[PDB]
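Just one chain is shown here, as structure tokens, and it is the form deposited in one PDB entry.
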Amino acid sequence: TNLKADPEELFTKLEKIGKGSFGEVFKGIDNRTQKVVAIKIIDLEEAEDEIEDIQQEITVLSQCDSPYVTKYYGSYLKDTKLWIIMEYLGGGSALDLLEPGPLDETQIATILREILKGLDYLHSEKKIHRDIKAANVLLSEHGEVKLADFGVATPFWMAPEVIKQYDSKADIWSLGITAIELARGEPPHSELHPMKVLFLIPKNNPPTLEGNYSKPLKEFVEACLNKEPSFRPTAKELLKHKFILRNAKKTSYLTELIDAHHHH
């Protein structure tokens, strides 16, 4: 963390984007390069009890160097405010892109494949994302798909063993929930109170994808959503799943989805 430079001289802060954890996030401009960045500003007086969690997330992001993980550019302390500078992804989140109407299975498979590429990277690095969900999957203006908002080391995407207190297979369960979310718009149990969901996830059989979806997509979901973690496939294995191979296409086609969101 840079304690000498003035981030208000280095960056121009523009409009708020998304909905950041611990602090609001703004579109910003690097005044030296004129590149757009994302800027989170956290008041460290008001967010005192969470400082260790903030530090832990900075450390993890700073150790990641992947096309599939949002890049970390640095942080600055100005008076009581911590500025965190990240890669700007102008397409918004996958969750935002559900708003105009349902995805088709090519779009679902393409987004899942790119998420899987990020999980393959993290798991190979002995890391766990811990909060895979559509709101934490960001798209660039070119359709590139990247992971954001790592979980700290709401229940709807949590694996049963996480709730009951795990390894990288918890991310695979969360991916299965995210696949349902990309197909249906919301995760299982979304109509229920979160305290009820907390006991339902360990108690119940795993969710299935209900509706008129291809059998490969339903089987992709079922494979991720096994109560036994060792029965879930790895991210590497799921990149070869027939649903992915038969349906995923070039990520650049996702710009059509981004444009549809701008037109809605």
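Here, rigid core means the biggest group of C-alpha atoms that superpose within 1.5 Å across both forms. All residue numbers refer to positions in the sequence shown, first residue = 1.
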Unresolved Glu210 in a third or more of other entries flanked by modelled residues:
no
Quick one: is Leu238 left out in at least a third of the other entries we compared?
no
Checking chain continuity here. Are there deposited residues lacking coordinates between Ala153 and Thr154, and if so is it 1 to 3, 4 to 9, or 10 or more (or none)?
10 or more
Per the entry, how many residues of the deposited chain go unmodelled between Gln165 and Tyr166: none, 1 to 3, 4 to 9, or 10 or more?
1 to 3
If you average the CA temperature factors as listed in the entry, which stretch comes out higher, 192-200 or 25-33?
192-200
Using only C-alpha atoms and the B-factors in the entry, which stretch averages higher, 84-92 or 70-78?
70-78
Just grab whichever of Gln56, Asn226, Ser214, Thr234 has the top CA B-factor as deposited.
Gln56
When the entry's CA B-factors for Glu186, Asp131, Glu161, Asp120 are compared, the highest one belongs to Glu161
Sorting the chain's CA B-factors, does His241 end up in the lowest, middle or highest third?
lowest
Could you say whether, by C-alpha temperature factor, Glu105 belongs to the lowest, middle or highest third of its chain?
lowest
Just say lowest, middle or highest third for the CA B-factor of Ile41 relative to the other modelled residues in its chain.
middle
Record-listed C-alpha B factor of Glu141: chain third:
middle
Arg113's Cα B-factor: lowest, middle or highest third of the chain?
lowest
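Just so it is clear, the following notes concern the form deposited in another entry, a form of the same protein that is not shown.
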Against the rigid core, a Cα displacement of 2 Å or more between the shown form and the other one applies to just one of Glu237, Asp65, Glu52, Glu228. Which?
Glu52
For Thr251, is the C-alpha shift between the shown form and the other one 2 Å or more after core superposition?
no
After fitting the rigid core, is the C-alpha of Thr12 off by 2 Å or more between the shown form and the other one?
no
